[PDB]
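Report on one structure; see the data block that follows.
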Amino acid sequence: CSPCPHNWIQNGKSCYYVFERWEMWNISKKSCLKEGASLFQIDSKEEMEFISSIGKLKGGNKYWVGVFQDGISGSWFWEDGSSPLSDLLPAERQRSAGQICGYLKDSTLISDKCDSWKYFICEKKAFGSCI
Amino acid sequence: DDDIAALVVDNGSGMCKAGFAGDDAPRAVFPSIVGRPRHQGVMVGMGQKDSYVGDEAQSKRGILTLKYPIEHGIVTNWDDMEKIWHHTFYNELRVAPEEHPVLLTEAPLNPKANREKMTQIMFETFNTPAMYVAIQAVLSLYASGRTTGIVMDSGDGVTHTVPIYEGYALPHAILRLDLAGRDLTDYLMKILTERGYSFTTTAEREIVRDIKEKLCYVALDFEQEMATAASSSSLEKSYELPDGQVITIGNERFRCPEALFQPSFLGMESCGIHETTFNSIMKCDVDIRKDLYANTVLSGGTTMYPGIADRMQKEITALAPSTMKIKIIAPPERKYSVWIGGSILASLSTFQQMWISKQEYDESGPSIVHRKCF
Amino acid sequence: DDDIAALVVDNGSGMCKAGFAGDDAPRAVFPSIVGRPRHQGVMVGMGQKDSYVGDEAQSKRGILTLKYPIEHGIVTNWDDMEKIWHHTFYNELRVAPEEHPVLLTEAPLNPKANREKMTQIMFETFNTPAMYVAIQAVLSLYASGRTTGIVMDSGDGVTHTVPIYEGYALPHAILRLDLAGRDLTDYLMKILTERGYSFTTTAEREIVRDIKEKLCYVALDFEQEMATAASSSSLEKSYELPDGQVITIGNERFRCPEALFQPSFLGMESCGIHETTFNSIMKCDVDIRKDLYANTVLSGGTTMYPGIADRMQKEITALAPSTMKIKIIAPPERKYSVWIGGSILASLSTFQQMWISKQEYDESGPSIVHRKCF
Amino acid sequence: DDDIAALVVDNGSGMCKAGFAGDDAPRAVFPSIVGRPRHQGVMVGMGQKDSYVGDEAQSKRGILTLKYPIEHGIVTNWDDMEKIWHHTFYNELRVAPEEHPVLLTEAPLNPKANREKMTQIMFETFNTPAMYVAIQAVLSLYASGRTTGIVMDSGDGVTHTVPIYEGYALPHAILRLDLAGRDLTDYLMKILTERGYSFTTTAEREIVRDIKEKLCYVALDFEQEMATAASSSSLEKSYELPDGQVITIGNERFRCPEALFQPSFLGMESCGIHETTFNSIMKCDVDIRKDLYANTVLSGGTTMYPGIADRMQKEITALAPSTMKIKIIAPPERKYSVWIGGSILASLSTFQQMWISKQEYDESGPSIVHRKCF
Ligand SMILES: Nc1ncnc2c1ncn2[C@@H]1O[C@H](COP(=O)(O)OP(=O)(O)O)[C@@H](O)[C@H]1O
Ligand SMILES: Nc1ncnc2c1ncn2[C@@H]1O[C@H](COP(=O)(O)OP(=O)(O)O)[C@@H](O)[C@H]1O
Ligand SMILES: Nc1ncnc2c1ncn2[C@@H]1O[C@H](COP(=O)(O)OP(=O)(O)O)[C@@H](O)[C@H]1O
Ligand SMILES: [Ca+2]
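Chains as they are written, first to last, in the authors' numbering: chain A, 134 to 264; chain D, 2 to 375; chain C, 2 to 375; chain B, 2 to 375.
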């Protein structure tokens, strides 16, 4: 139908879906795949600033995001495997065992364990209009 | 001029409906509550109506208080009730009660004492030329127009199933349910509140009510529906609160109405509708049963859920012997069906003797309306 | 000659305003302080009045001291207060109080004790026929003729937001802000000092008061305004001191008024007017809210600054649901609003019964005014 | 060394109570706020902790800002909570999380989602071997050890009546009440500000709260005492404020607590506690009800005021039928009894399987705690 199938929010070119439920990162990816959506990846601050619009979604929830970490290198990429700019990348802890692809907790990107459950957000291109 | 109509007023638990006979549907329908400022306090001037409620309360919402003088569909009080009747006549109908006959309608177990009082008001204060006392269950049936079948009537306060064979309702078959939309909304509130919303208030009451009526639906399979819910994108539907919050409502929509099917949600021991239907059937003769099964009729506000009909056929068919044919029917605007039947009976030229008259009030007293008449 | 006028004395913190009910605006208006030569010094001759204050004090500036019995609206001491009243009646009004029923205004959490005291003075010393006492905000609200809305009142001493539904100030929602008015001027003296000016004195405070009212404005954006300031050819405006000094002003301009929006300038913990409206908004029912958002009015002298309405609208939407409509209404001569409210209510012949009589005063004591009336 | 404690931590709205199971009382208690200099203003050198709160802020009172992640019991924000827990174990408990299994308690209607979140934090950040999260109400009831009865449980944020029959709490029966100690504290400042005083600020809330406990008593007869008020010398009892000031109190003393009986004071429509209990009792079977009447247990916090029991007995006697036995029981120091329940529950060896484990977390995710257990 319209630029976004229902229950999706549009921001410019993109369409976003905030999942009702918790899924694992990989799992949500498969789920996202079903739609033909992807996980959301944040190319710009502008897009990141839009996240706040999640804020109305009740409370902040952690939301799985595109960025993934290699493990040996620990380099952060998105599913497409581009490089996030500095702004996107994660924050530090003293140390421990474990770490995986980022989520979004409200304002800022974060990292966690995949095995854990988190809400994921998917992104698709809106049917951009041409005349 | 000459000729007379019958005023058809059904004194609903929540919403009373009244009109003229011959009308297809009630001219008036308004809240049946009483309400004031809880806070009050005070002002320069007034111009307020202390406890109209009515339309104005509903618009009123935040300010006012609600009593229902007939919550359990039973005139719990005469003082307020007169007010409803007064409002109905003068305000909404803008008829003079002097001119026309009225049919009041009554809830099913209405103790023969109140009936006399119902009558005495109409004669005494109202001074109607004549009035009839009706049983709303009946009037609903009258509207339907079918002799045999087993109809499920779920309204606001109460749910019944009644087998009907030629036209006579077999008393014994019937069984009562406490549950109806009345409970449903409360429940809706309660589930809503878990998530974090708090819908404690009366204003909030009405908000909850709105949410269920548009929003809520009945599941094909209760179990499947939960399971789906997890994946379910769809269920997520938004509702905008009057303030401007937007609150999201997935699962509750199906869970709420489910209660009718499974009363234990609400903590009713009582069996769900389907068990009800089966039971009422059993109670009757083996021979008759087929007739009911073919003709099941739905009725009342609570029956309006889309999906009910298919669930019912699904449910019943499992229960019933594979031979027996099962049909389900649901007339389109059933909620009104009570008023409708009332309307019809009232109008009846032929039946007119049935109406209760001023003299009869005098000689026999109001009790006449109860005895060897309605 | 007959009939009577209501003497609507509004005892203001800084300014007494009083006149006759029915009048469009306050007749006579003057600063409430008490002052006498601090220095004194003697002379040959006399012909100075010890502590009139009033107008004569203002031009008086260097010579006099000040004293506000009415400090925070609340009448702290009766003796001076009576002096004000005597002056008001006799000097400005030139009218003898025995003749006219009078309504007095009083501040928000004014204790019962003082209210009674107010009555004693009005009856005993003045011997007016009857009095009424009023609560200033309601008089303001009365003046408006707004049944519903959420209003910002900002005057001299205190700033409130009260939502109203049906002419009812819902007590709970209301909140107070310490600051107004005063806090602006003092901040104004202080921020001014830093530049190198000293405005410590009383005369100087008067000077300082002068500047803010003409000089100051509020910004579209604090952050943006601050950035701009460096360029700002504009802000630089000059103010000539009564001695004849000139000063440059203008980063000051926006900043002082800034206080209301972010009290931390003052060091005030409390939240901004904007957030204060929001807090109040939530306090009310969700249902009521659209009404409030739609009807927002600001009241009081502090509300007069140009630009506020546009700012407030902007501030509030940012708060608000997005869907919801926004309106900011500001009536033109609002400062006088309280007095006007004084005049209308006072002037109500219909209402006249409210007027408190010496008979009640003697029998009931002054208390009758407080209890069951105003 | 072998065998293990259960770390029983009680995340209260205002206060956390914590310590080892089997412990007669919680060892450590401290406020739940977050607090860093509002003013700040730098200096030379630091040494301060940005927002420890707990004990130290309380001593800090003038300086600091207060926040409750735990506002209405429910944890709104994880970080501060992470902080709160960090303090709990390390600073106050001086225990290490890895060593001991921990219980955690929860507000009544807690969203599942946060349950997994709570569950998440302790394992991940704390790296506790195993955890249990229990419902505070349930622990309290555990503490009583009363299989049956009806207990009135009034703490800080909320008030409940929970009928209990045979170790089961019947969910339909139990109603809520927003009003609770927090409202009382706010309430009391307001009426005190009424006469003289102004207790706007955070410190002042603490001051009033101090007044609140020592000062407050319930009145035998609301009406009567007011009559008593004029004559009463006794009421006048005096309090000295943290500066110099010594303030007088006395009518407000009873009046504040009055709210529990009359919620309207605070603007609450809802029925009083006496009201609440009756309704809840009616909710249950007639047969059972005798039980609740015999056993009514007080609980929490707000129930401590002397003389509540008899008034409570009185009100209920009035409500009840004449025959009925009524008995009120209030355990001597109930506030803790929430924590008490935990200590036992945690401490239960037999029960020990009950605890949630790292593996159950690991397989199940966190939700195992929520699902099919606590
Ligand atoms: N379209 C609808 N869908 C679902 N429920 C409805 C609908 N319309 C009304 N209801 C519910 O049914 C009730 C009205 O039905 P009614 O037969 O008038 O009940 P009663 O006769 O017992 O008052 C209302 O309480 C409402 O909650
Ligand atoms: N035109 C104006 N622009 C800005 N501020 C004003 C204006 N007129 C009055 N004020 C300020 O508002 C105050 C008067 O408002 P008012 O409502 O009378 O306060 P209050 O009722 O608390 O005494 C004065 O202290 C003055 O500083
Ligand atoms: N001795 C007492 N007398 C009166 N009130 C008390 C007393 N002790 C505590 N309180 C009040 O009860 C509250 C603590 O009770 P609690 O059951 O812990 O509440 P919650 O569990 O909701 O936090 C405090 O807010 C306090 O104001
Ligand atoms: Ca993108």
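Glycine is no exception: its CB is placed at the ideal position from the N, C-alpha and C atoms.
Item                                                                                                                                                                           : Value
Whose Cβ in chain C lies nearer than 9 Å to the Cβ of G251/B?                                                                                                                  : By Cβ distance, chain C contributes nothing, its closest Cβ being about 15 Å from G251/B, past 9 Å.
Between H173/C and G268/B, what straight-line distance do the alpha-carbon atoms span, to the nearest angstrom?                                                                : 7 Å
I'd like the span of the beta strand (DSSP E) that includes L320/C, first residue to last.                                                                                     : No beta strand (DSSP E) holds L320/C; the alpha helix (DSSP H) holding it covers 309 to 320.
Please decide whether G158/B counts as near chain A, where near means a Cβ-Cβ distance under 7 Å.                                                                              : no
One question on the structure: do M132/C and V103/C come within less than 7 Å of each other, judged by their Cβ atoms?                                                         : yes
For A138/D versus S155/D, is the C-beta distance shorter than 7 Å?                                                                                                             : no
Would you say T203/C touches ligand 2, meaning its beta carbon is less than 6 Å from a heavy atom?                                                                             : no
Which value, in whole angstroms, describes the spacing of the CA atoms of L216/B and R206/B?                                                                                   : 14 Å
What are the complete alpha helix (DSSP H) segments, minimum 4 residues, inside the stretch 232 to 288 of chain B?                                                             : 252 to 256, 259 to 262, 274 to 284
Ordered along the chain, which non-local residues of its own chain (more than five positions away) have a Cβ less than 7 Å from that of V96/C?                                 : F90
Does any C-beta atom of chain D lie closer than 7 Å to the C-beta of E117/B?                                                                                                   : no
Verify whether the separation of the beta carbon atoms of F255/C and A220/C is less than 7 Å.                                                                                  : yes
Which of helix, strand or coil does DSSP assign to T194/B?                                                                                                                     : helix
Any C-beta of chain C sitting closer than 7 Å to the C-beta of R254/B?                                                                                                         : no
Is the distance from the Cβ of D25/B to the Cβ of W340/B below 7 Å?                                                                                                            : no
State yes or no: is the beta carbon of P367/B nearer than 7 Å to at least one beta carbon in chain D?                                                                          : no
Should the stretch 140 to 156 of chain B be called in touch with the stretch 298 to 308 of chain B, which here means at least 3 C-beta pairs below 8 Å?                        : yes
Taking all protein chains shown into account, do 16 or more other C-beta atoms lie within 10 angstroms of the C-beta of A347/D, making it buried, or fewer, making it exposed? : buried
So, does the CB of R183/D fall closer than 7 Å to a CB anywhere in chain B?                                                                                                    : no
Pick out whichever of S141/D, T249/D, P27/D has its Cα sitting closest to the Cα of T194/D.                                                                                    : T249/D
Give the single residue among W209/A, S229/A, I184/A, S171/A whose Cα lies nearest to the Cα of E256/A.                                                                        : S171/A
For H88/B, count neighbouring C-beta atoms within 10 Å of its own C-beta (all shown protein chains included) and say buried if the count is 16 or more, exposed if not.        : buried
Using 8 Å for Cβ pairs, my map puts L185/B next to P258/B. What's the rounded Cβ distance?                                                                                     : 7 Å
Quick one: what's got a C-beta closer than 8 Å to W250/A's C-beta in the same chain, skipping five residues either side?                                                       : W155, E156, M157
What I want to know is whether the C-beta of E168/A ends up closer than 6 Å to one or more non-hydrogen atoms of ligand 4.                                                     : no
Per DSSP, what kind of secondary structure is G150/C in: helix, strand or coil?                                                                                                : strand
Measuring only the C-alpha atoms, how far is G13/B from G74/B?                                                                                                                 : 6 Å
Compare the C-alpha of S33/D against each of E237/D, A310/D, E57/D and name the closest.                                                                                       : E57/D
What does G42/D reach in chain B if we use C-beta pairs closer than 7 Å?                                                                                                       : Going along chain B, no residue has its Cβ under 7 Å from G42/D, so there is no contact; the nearest lies around 11 Å.
Report the residues of the stretch 185 to 214 of chain D with a CB closer than 7 Å to any CB of chain B, ordered along the chain.                                              : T194, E195, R196, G197
Using a Cβ-Cβ cutoff of less than 7 Å, which residues in the same chain neighbour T77/B once the five nearest sequence positions on both sides are dropped?                    : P70
May I ask whether a heavy atom of ligand 3 can be found less than 6 Å away from the beta carbon of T303/B?                                                                     : yes
Reducing DSSP to helix, strand and coil, say where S365/C ends up.                                                                                                             : helix
Between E276/D and ligand 1, is there a pair consisting of the residue's CB and a ligand heavy atom that are separated by less than 6 Å?                                       : no
How would you write the range of the alpha helix (DSSP H) that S348/D sits in, first residue to last?                                                                          : 338 to 348
Could you please give me the residues that DSSP links to residue 130/A through a beta bridge?                                                                                  : Nothing about residue 130/A can be reported from this structure: the residues present for chain A run from 134 to 264 only.
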